[PDB]
């Protein structure tokens, strides 16, 4: 009902393309191209056009986490690791824009090349799963220039959006952010999840949020539990939908 509420609601419907309802790619457990409302609502399909695949439930979660951090004065930036066409990061920048927040940045981290080719340095679960095999099938490889273009279409490409192009094992250890209020992990594999927990989670502020988009994937879950056990983290894992979970760092 307020201007902010209307803007953020529309931005969610737009980045997920509930407006025009694009077909999905046929891959994984999706056997037909037709737009299905329930699949887009819960982020389960592979949009041919939409700027995010995370769906409405995970967009609502991202809004909750960012708004809570702002409300509670939790310091730091927003980082997404694994951005595809950029829609979740566009939405995050839009939240900051709606509240006229000028002192936080959205960090946009990706290979900008899709999933990595498997080698003998990969975890066996990642090697077996071989996510790389799906790159073309779901149009995953999306260049930095394309993602920048997408931000610009919403009027949200500015100096509060910064990009971290490369493999997370290479980009995360020396990424230039000092503090995070929201760490959103969407890289699917054991490797991508462990890379980012290892190298970015220590910069997550107390009261900040750690979102695991791909917790339904066994390899991803494996990394989450290994990392939490190592660090003695017992913060409640709260389920969002059939894919994602999050916790709030105590």
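Residue numbers count along the first chain shown, from 1.
Checklist entry - Mean C-alpha B factor from the entry: is it higher for 77 to 85 or for 159 to 167? => result In the deposited entry, the stretch with the higher C-alpha B-factor mean is 159 to 167.
Checklist entry - Looking only at CA atoms, which has the higher mean B factor in the entry: 208 to 216 or 66 to 74? => result Comparing averages over the C-alpha atoms only gives 66 to 74.
Checklist entry - Checking the entry, which one of 137, 92, 109, 127 has the top C-alpha B factor? => result 137 has the highest C-alpha B-factor of those listed.
Next on the checklist: Among the choices 29, 192, 59, 224, identify the one whose CA B-factor in the record is greatest.
Outcome noted: Among 29, 192, 59, 224, the PDB entry lists the largest C-alpha B-factor for 29.
Checklist entry - If you rank every modelled residue in this chain by C-alpha B factor, which third holds residue 17: lowest, middle or highest? => result Its C-alpha B-factor, which the entry lists for residue 17, ranks in the lowest third among residues of this chain.
Item to check | Assigned third (lowest, middle, highest) for the C-alpha B factor of residue 35 | outcome: It falls in the top third of the chain.
Item to check | CA B-factor placement of residue 230, once the chain's modelled residues are sorted into thirds | outcome: According to the entry, residue 230 has a C-alpha B-factor in the chain's middle third.
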